[PDB]
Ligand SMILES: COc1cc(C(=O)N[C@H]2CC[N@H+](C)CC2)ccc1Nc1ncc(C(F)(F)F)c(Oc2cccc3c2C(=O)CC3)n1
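Next up: a single chain in structure tokens, the form deposited without the ligand.
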């Protein structure tokens, strides 16, 4: 649990305004002053209850976990401050949360851009799958936008998500890479719906009955039939029948190229 080579001196951080929230408290914009960059914009996770040591241990665990990963489409850990008030310093995704990015840009994003985002996320997810990493805090799962052509996996924003969960997770709290694939199928649907949430107006308790009746989220307007088909494969009832992330990443590439050939 050593953070020594990524421990940041506090005076190198200028804490700015609140820009969002994580499981443990508010996320702030900031500036980090280092030899590498005189003024780097950062996101700073704070912790409302880290005066409690059990809470503090769980919070800094988020940093220890993030440290082990390095991927173009996963929000990077810059460093930590492990003295009170404890902070986790992360890269700042300047364009905010993908959901609201998509809602305001329904007509200014080409279909190729939407497919690229799905592809980029699949590369990150296949990377994690190869590392045997099952991300446990499913309620915290998010996607942030670092540029027009770059999205990243994150666990903060800028209850269980039943409407996004695989049937075996809902029924039996089984969580595997195959349940992650089901949830990513939903994420893809949301991207192609320009940020609309699944099962709007449906009670959480009614979700499993619809799945078990054979019902699935409908093809989004203007969505390529091949891409919708890919989503439906993520939603095989039997987890063993779903594609692996390696296959999703291969299929999304072929779809992306085809849209660019149109």
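Positions refer to the first chain, counted from 1. Think of the rigid core as the biggest set of C-alphas that the two forms share within 1.5 Å after superposition.
Where the other entries of this protein model the residues before and after it, residue 35 is dropped from at least a third of them. Across the other PDB entries of this protein whose models span the neighbouring residues, residue 192 is modelled without exception, so it is unmodelled in far fewer than a third. The entry models residue 88 and residue 89 with no unmodelled deposited residue separating them. Relative to one another, 65-73 and 47-55 have unequal mean CA B-factors, and 47-55 is the one with the higher figure.
Looking at 235-243 and 13-21 together, the entry lists the larger mean B-factor for 13-21, computed on C-alpha atoms.
In the deposited coordinates, the residue among 180, 149, 168, 155 with the greatest CA B-factor is 149.
Taking only the listed residues 163, 105, 174, 136, the entry reports the highest CA temperature factor at 105.
In the deposited entry, the Cα temperature factor of residue 98 sits in the bottom third of values across the chain's modelled residues.
Split the chain's modelled residues into thirds by C-alpha temperature factor. Residue 211 is in the lowest one. In the deposited entry, the Cα temperature factor of residue 219 places it in the middle third of its chain's modelled residues.
Per-chain ranking of the deposited C-alpha B factor places residue 113 in the middle third. Among all modelled residues in its chain, residue 129 ranks in the middle third by Cα B-factor.
Keep in mind that the form deposited with the ligand bound is missing from the display, and what follows is about it.
Figure legend: unbound chain with the ligand modelled from its position in the deposited complex by local C-alpha superposition. Site blocked, with three or more ligand atoms within 2.4 Å of backbone or C-beta atoms. Though the partner is left out of this view, residue 84 does not reach within 4.5 Å of the ligand in the deposited complex, counting heavy atoms only.
For residue 20, a non-hydrogen atom is located within 4.5 Å of the ligand in the deposited complex, even though that partner is not displayed. In the deposited complex, at least one heavy atom of residue 90 sits within 4.5 Å of a heavy atom of the ligand. Residue contact with the ligand in the deposited complex: residue 142 places a heavy atom within 4.5 Å of it. Exactly one listed residue, out of 43, 234, 227, 47, brings a non-hydrogen atom to within 4.5 Å of the ligand in the deposited complex: 43. With the partner removed from view, the residue among 151, 192, 158, 166 that has a non-hydrogen atom within 4.5 Å of the ligand in the deposited complex turns out to be 158.
Among the residues 138, 128, 116, 153, the single one whose Cα moves by at least 2 Å between the shown form and the other one, once the core is superposed, is 138. Relative to this conformation, a decrease of 3 Å or more in the Cα-Cα distance between residue 141 and residue 197 is found in the deposited complex. Cα-Cα spacing of residue 81 to residue 136 is enlarged in the deposited complex versus the present form (difference of at least 3 Å).
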